[PDB]
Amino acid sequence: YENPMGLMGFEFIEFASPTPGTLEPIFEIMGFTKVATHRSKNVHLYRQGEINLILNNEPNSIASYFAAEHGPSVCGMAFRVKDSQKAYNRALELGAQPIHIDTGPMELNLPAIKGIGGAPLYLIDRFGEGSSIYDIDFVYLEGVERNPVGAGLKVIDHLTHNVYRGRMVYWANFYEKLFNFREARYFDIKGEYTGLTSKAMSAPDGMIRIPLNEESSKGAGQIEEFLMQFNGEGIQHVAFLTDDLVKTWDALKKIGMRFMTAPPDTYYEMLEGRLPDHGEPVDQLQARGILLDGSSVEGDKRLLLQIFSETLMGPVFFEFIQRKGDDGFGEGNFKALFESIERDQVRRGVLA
């Protein structure tokens, strides 16, 4: 697939909250470590593997207005590009809206366009060696390890957008026209009482992936609850890749992670019928509540293991995923996740 913006994956995710001390604990429970402090702003860098999470507590700024609206949330998203000048000019030619971010003496002039819910989308062409943006804009803490391993999360795998009815098409067009993303798959998920629809959008770099979710015709489901609780469209869950989910599970549990309620025993009993010869240790999945899906087509096994945290920032939750030959998404996991969140809505008295 052609890549006109020269997209080379996710660079960083940015966070903001109206209440001081609410994001720090979250990041620590998820295995992240504070590693540097911006040189003139009140913004901090948290890291795990190659994941860069930016904590922005800058007063009177884009981030502080965004957090007064949405609560604790993802307030920015940066993609890596080959050439920021070229990619920023191309996006303005194609109709994107520019966002100006102020900087101090000797800091970089990072370009950005408006994205989901007003959150900036940054186009960064300075990464990896020599000097990354963090080497120039930030000051590393005295003595800290600058590349912590944490609980094994490596890179950002994918993130979702929960959108109002009729806007799945709008956000598909945004990423199709500006970045040449493509609809890799379409889902129609039904729970016991409610349901949803989704389009899994993939970027041409084969790294950035963004599932776009919208409520069903019925209404009363989890997508509509998100939209009310977040006060608009936004990133509903962020997913981190790991090379070994059970091991990561054990490490997150030790430090305070809170996962979703596991599926019933029935689910684990039907795995072999559904995925003949998967090969995974059912005993270890079922003890942890891990979901298993993918295909088994004449010897060729492509699997997907997924597990979700409870909501931790307003309505936003996180996901720890391990791919074994499957580069897409799976309908059974999606359905399990969906039934889990629907039971919680009954539990809480908000549905039927």
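Numbers follow the displayed sequence, beginning with 1.
Novice: For the stretches 32 to 40 and 293 to 301, which has the higher mean C-alpha B-factor as given in the deposited record?
Specialist: The entry gives the higher C-alpha B-factor average to 293 to 301.
Novice: Mean CA temperature factor from the deposited coordinates, higher in 117 to 125 or in 132 to 140?
Specialist: On average, C-alpha B-factors are higher across 132 to 140.
Novice: Take the CA temperature factors straight from the PDB entry and tell me which of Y164, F240, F174, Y267 peaks.
Specialist: So the option with the highest C-alpha B-factor is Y267.
Novice: In the PDB entry, which of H158, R80, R274, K154 has its C-alpha at the highest B-factor?
Specialist: Answer, based on the entry's C-alpha B-factors: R274.
Novice: Is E319 in the lowest, middle or highest third of its chain when residues are ranked by C-alpha B-factor?
Specialist: Lowest third of the chain for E319's C-alpha B-factor.
Novice: In terms of the chain's CA B-factor thirds, is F179 lowest, middle or highest?
Specialist: Its C-alpha B-factor, which the entry lists for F179, ranks in the middle third among residues of this chain.
Novice: Grab the CA temperature factor for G206 from the record and place it in the lowest, middle or highest third of its chain.
Specialist: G206: CA B-factor falls in the middle third of its chain.
Novice: Sorting by Cα B-factor within the chain, modelled residues only, which third would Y170 end up in: lowest, middle or highest?
Specialist: According to the entry, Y170 has a C-alpha B-factor in the chain's lowest third.
Novice: C-alpha B factor of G221, ranked within the chain: lowest, middle or highest third?
Specialist: Its C-alpha B-factor, which the entry lists for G221, ranks in the middle third among residues of this chain.
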